[PDB]
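The structure appears right after this line, and notes come after that.
2 protein chains.
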Amino acid sequence: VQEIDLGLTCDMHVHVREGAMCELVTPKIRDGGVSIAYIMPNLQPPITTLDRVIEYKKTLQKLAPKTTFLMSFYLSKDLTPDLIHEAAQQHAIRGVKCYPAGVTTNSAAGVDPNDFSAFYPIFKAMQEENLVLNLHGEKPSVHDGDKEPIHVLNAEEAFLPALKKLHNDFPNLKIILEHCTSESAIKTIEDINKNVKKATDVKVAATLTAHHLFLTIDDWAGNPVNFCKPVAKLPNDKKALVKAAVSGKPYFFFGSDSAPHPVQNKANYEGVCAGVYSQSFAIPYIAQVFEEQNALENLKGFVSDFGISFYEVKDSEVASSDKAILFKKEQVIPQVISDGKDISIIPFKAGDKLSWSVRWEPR
Amino acid sequence: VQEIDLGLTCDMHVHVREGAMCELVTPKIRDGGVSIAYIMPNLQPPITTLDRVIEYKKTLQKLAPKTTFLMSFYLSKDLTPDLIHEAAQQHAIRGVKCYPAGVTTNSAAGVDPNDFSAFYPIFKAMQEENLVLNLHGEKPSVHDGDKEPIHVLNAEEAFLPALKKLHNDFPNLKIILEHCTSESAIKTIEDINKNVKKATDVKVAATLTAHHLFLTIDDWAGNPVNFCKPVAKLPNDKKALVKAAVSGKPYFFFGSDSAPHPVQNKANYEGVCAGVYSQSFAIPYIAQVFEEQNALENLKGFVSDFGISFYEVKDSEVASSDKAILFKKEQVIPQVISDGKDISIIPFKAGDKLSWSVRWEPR
Ligand SMILES: [Zn+2]
Ligand SMILES: [Zn+2]
Ligand SMILES: [Zn+2]
Ligand SMILES: [Zn+2]
């Protein structure tokens with residue numbers, strides 16, 4: 002009977018794919034309790050053109066008229082400063098997402114994070130247009146050479162100097178280290194923000210997923226359903242992520258990285274697709290964590306206030322003014338989420354009970 | 002063509018299952034270049050009785066008359082010291098294998114390695130009969146009682162105190178740390194053997210697989226076919242394992258832990274079976290490593306002399322005197338190993354090339 006008014010919830014890291022998969026998952030954004038979604042661009046082929054980002058958003062708006070969609074480009078050599086200015090002036094994108102080549106789904110067309118200088122004309126134009134630079138901050142793996150080996154466990158830590166250099170060279174660019182998974186990165190974000198007093202001072206933030214608040218290496222060792230990028234790491238990393246999430250600091254906010262794959266793309270003996278599907282119960286998953294940490298009073302900031310502030314979402318842009326209301330009615334996560342045709346997805350924590358449910362209230 | 006006479010090769014950690022899988026796999030020990038095989042006991046039900054170990058070996062000899070089979074008991078709750086004496090006097094077993102409960106394939110009937118004391122009567126009986134104690138040295142995972150958590154990454158290291166205590170309390174017992182995967186374990190095996198001048202001084206040895214000389218956590222993160230227990234760990238660990246393998250030291254020798262699973266037991270979204278199948282090309286896999294390390298002169302020790310010496314294999318036990326001849330005829334590993342009815346196995350490094358082949362010549 003207990004209720005929590007979360008206002009206009011934000012999930013600032015969403016994958017919704019194309020085709021029938023997109024038709025299945027895009028309505029689940031609302032169902033999971035999320036009013037505003039930042040849409041990632043790693044389609045096959047990636048979103049690097051204006052007409053395609055415009056059509057994609059309209060496709061999503063058609064599937065979910067009440068959901069507010071913030072769009073992005075895929076960082077590529079095909080981008081030009083002129084296209085960035087055009088797209089921004091037309092309100093076609095709110096940011097550009099960087100995938101290092103080879104580290105995750107549809108990242109083959111991505112960048113080498115040692116030569117970020119080649120994209121400085123893009124970053125310079127983004128800075129002028131007040132667009133957000135989103136980073137999948139992992140260095141590609143390297144096991145030889147003069148230098149310390151890079152592997153799936155330290156690839157995020159190895160990326161942190163690139164983050165600092167970018168922030169140094171573009172001090173007015175808004176940058177997000179997406180889905181932080183390590184204690185090292187959490188401290189780097191806090192240290193970057195030492196001189197910050199009010200939320201609007203934040204230039205560099207980090208998003209935290211639902212699943213990295215629960216998972217450890219043991220949970221995906223032998224369970225491809227829990228396998229994602231960046232990989233879930235050690236218990237002390239999980240502890241640092243949970244403390245960051247409930248900290249009340251304005252530079253940590255929710256981005257699910259809900260990444261749907263059909264079940265047959267997870268049940269492979271080689272080349273398992275990375276990604277965990279959390280859209281259907283996004284806010285209830287987070288509520289579980291905030292309850293367990295006795296920190297429900299900080300929930301609204303993490304899943305609403307801080308993301309709205311960082312992305313500067315105006316009320317004149319929101320597709321619906323309905324507020325997400327959390328109510329303490331227990332539910333069971335289904336075993337599968339299916340369109341009743343050719344697509345079955347295994348949802349995060351399939352079979353488990355959640356203490357909270359979410360509904361929508363006008364006004 | 003370059004040739005090396007490896008003599009009577011031994012693989013001191015072999016899984017051959019039962020039924021049709023056994024019929025497929027047991028002839029491959031020889032085909033893979035191995036003369037002597039130590040047969041692990043984690044069948045359903047585990048091998049804990051005298052008649053079953055006898056019938057099993059007799060089944061294996063029918064399938065491969067020229068292979069020398071050294072047999073084992075599963076360390077289990079219904080095993081007794083008398084059975085240890087009876088089994089040894091009949092030469093029905095050469096050792097007893099310990100599985101910590103829940104840690105790997107068919108280990109549900111295994112032990113709690115925090116309280117080994119209930120098995121000390123077994124160990125004392127093993128000590129008198131000069132039997133080998135084989136250890137899957139991993140402590141089961143714990144994420145609760147805030148003493149340190151242990152997970153798939155540190156579970157081997159967390160077992161190392163248990164190994165030392167067992168060695169201390171039974172100084173005349175031959176003990177093997179099977180399939181070592183971490184630098185920590187290598188150092189501990191070295192420390193225990195600080196004062197050994199010749200092979201017959203070795204009481205505590207360590208076995209090394211083929212796959213852990215190639216694999217890193219990066220190789221199995223998205224590839225269940227490369228998932229095994231203990232998991233392949235970091236580049237620094239693999240570097241320690243490779244160095245140990247080619248070191249020429251008598252306390253390191255080859256044990257493949259070739260662990261066959263049908264392909265559908267690897268292509269799961271959860272509950273992927275742990276194990277890598279290396280039997281078909283066991284010796285050629287190892288040769289590759291020794292060539293790349295410019296240490297082919299140490300190959301014979303690693304795959305023959307040291308295992309024969311530690312297990313004290315006599316010419317009177319050997320099923321065939323044929324010698325394994327390694328010859329540098331390049332070959333390609335197939336994509337599948339199949340019996341042509343219900344069983345397909347994905348071999349280690351499937352599709353790759355090896356510099357060497359193996360053949361058999363009479364003495
Ligand atoms: Zn990502
Ligand atoms: Zn993502
Ligand atoms: Zn084992
Ligand atoms: Zn084994």
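Residue numbers (the deposited numbering), protein chains in the order written: chain A, 2 to 364; chain C, 2 to 364. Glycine included, C-beta positions come from ideal geometry on N, C-alpha and C.
Looking at residue i and ligand 1, is the gap between the Cβ and the nearest heavy atom below 7 Å?
i, result
"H137(A)", "yes"
"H212(A)", "no"
"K230(A)", "yes"
"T105(A)", "yes"
Should residue i be listed as close to ligand 4, given that the test is whether its C-beta is under 7 Å from any heavy atom?
i, result
"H16(C)", "yes"
"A260(C)", "yes"
May I ask whether a heavy atom of ligand 3 can be found less than 7 Å away from the beta carbon of residue i?
i, result
"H152(A)", "no"
"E179(C)", "yes"
Determine the direct distance from the alpha carbon of residue j to that of residue i, and round the result to whole angstroms.
i, j, result
"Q280(C)", "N43(A)", "41 Å"
"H16(C)", "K125(C)", "27 Å"
"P236(C)", "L216(C)", "9 Å"
"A241(C)", "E184(C)", "5 Å"
"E179(A)", "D32(C)", "50 Å"
"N173(C)", "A38(C)", "24 Å"
"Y278(A)", "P261(A)", "5 Å"
"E362(A)", "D6(A)", "9 Å"
"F160(C)", "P122(C)", "21 Å"
"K199(A)", "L132(A)", "20 Å"
"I334(A)", "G352(A)", "5 Å"
"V319(A)", "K67(A)", "8 Å"
"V143(C)", "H92(C)", "39 Å"
"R53(A)", "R95(A)", "15 Å"
"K354(C)", "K140(A)", "29 Å"
"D147(C)", "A89(A)", "51 Å"
"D306(A)", "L9(A)", "8 Å"
"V26(C)", "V97(A)", "53 Å"
"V314(C)", "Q294(C)", "29 Å"
"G276(A)", "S345(A)", "14 Å"
"residue 1(A)", "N107(A)", "Outside the displayed range of chain A (2 to 364) lies residue 1(A), so it cannot be described from this structure."
"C23(C)", "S358(A)", "51 Å"
"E271(C)", "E331(A)", "25 Å"
"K195(C)", "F254(C)", "17 Å"
Round the Cβ separation of residue i and residue j to the nearest angstrom and send it over; I've been treating them as touching at under 8 Å.
i, j, result
"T81(C)", "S36(C)", "Not quite, the Cβ-Cβ distance comes to about 33 Å (not below 8 Å), so this is no contact."
"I85(A)", "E130(A)", "6 Å"
"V290(C)", "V243(C)", "6 Å"
"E4(A)", "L327(A)", "7 Å"
"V112(A)", "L76(A)", "6 Å"
"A288(A)", "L300(A)", "6 Å"
"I177(A)", "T208(A)", "6 Å"
Look up residue i in the DSSP assignment and give the residues it is bridged to.
i, result
"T69(C)", "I37(C)"
"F254(A)", "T208(A)"
"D6(A)", "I326(A)"
"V359(C)", "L327(C)"
"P348(A)", "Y278(A)"
"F74(C)", "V97(C)"
"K354(C)", "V333(C)"
May I ask you to check if the CB of residue i is nearer than 7 Å to at least one heavy atom of ligand 2?
i, result
"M22(A)", "no"
For residue i, is the beta carbon positioned less than 7 Å from some heavy atom of ligand 6?
i, result
"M41(C)", "Within the structure as shown, ligand 6 is missing, the only ligands being ligand 1, ligand 2, ligand 3 and ligand 4."
Which residue spans inside the region 164–249 of chain A form an unbroken beta strand (DSSP E) run of at least 3?
175–178, 205–209
To test your reading of the DSSP string, which unbroken beta strand (DSSP E) runs of 3 or more residues are found completely within the region 83–166 of chain C?
96–99, 133–136
Residue ranges of each alpha helix (DSSP H) within the region 264–302 of chain A, 4 or longer
283–293
Beta strand (DSSP E) segments (min. 3 residues) lying fully within the region 310–340 of chain C
324–328
Along the chain, which unbroken stretches of the beta strand (DSSP E) at least 3 residues long are found entirely within the region 11–66 of chain C?
11–15, 37–40
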